[PDB]
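See below for the structure under consideration.
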Amino acid sequence: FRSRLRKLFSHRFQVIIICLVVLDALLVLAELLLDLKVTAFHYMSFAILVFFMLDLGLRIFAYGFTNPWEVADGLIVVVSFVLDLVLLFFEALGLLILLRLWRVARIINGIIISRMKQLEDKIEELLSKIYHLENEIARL
């Protein structure tokens, strides 16, 4: 049993996770740039990266006929960034990078399909309404 996650979530936290996407973006890029050039800034980069991993994990895991494909999406995300953690063990940074870059056209998608659903809901609140008006015409 857990309710706060489903009570208060009814946003700003998403904005937070976006600014933090760009933050880890910038984290690894600044990392590899200083890798193109000194030593402990790199250490810092690794650290705040770990930060990013952990937080997205904790704040996306917290959620609790259509269940399976959702479950698939989520677990794909998961395994994505678990191999990302593995990659924290070179030009494989590339790999690593684009993996953050996956999140992007994962989240936007998990953002658009939202609207879709949401938008589709409004569509319902048009059809019936249309139907309703017909009833109110004949009538006469």
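Note on naming: chains are A, B, ... as they come in the structure tokens, residues start from 1 per chain, ligands start from 1 in the order shown.
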
**OP:** For segment 68-81 of chain A, please output as a PyMOL selection string all residues within 12 Å (counting only C-alpha atoms; exclusion window: fewer than 2 positions along the same chain).
**Re:** chain A and resi 49-50+52-54+56-58+60-63+65-66+83-88+95-107+109-110+113

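What separates atom CA of residue 59 of chain A from atom CA of residue 108 of chain A is a distance of 17.0 Å.
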
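The interatomic distance for the pair atom CA of residue 16 of chain A and atom CA of residue 48 of chain A works out to 15.5 Å.
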
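The shortest atom-to-atom distance to residue 11 of chain A, with only C-alpha atoms taken into account, belongs to A:111 out of A:111, A:24, A:126, A:116.
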
**OP:** Tell me, as an MDAnalysis selection string, which residues lie within 12 Å of residue 44 of chain A, counting only C-alpha atoms; anything in the same chain fewer than 6 positions away does not count.
**Re:** chainID A and resid 24 27:28 30:31 34 38 50:51

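Counting only C-alpha atoms, the residue from A:67, A:45, A:118, A:135 that sits nearest to residue 23 of chain A is A:45.
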
**OP:** Report the residues of chain A whose backbone DSSP state falls under helix (DSSP H, G or I), written as a ChimeraX atom specification.
**Re:** /A:4-7,12-36,40-61,67-87,92-135
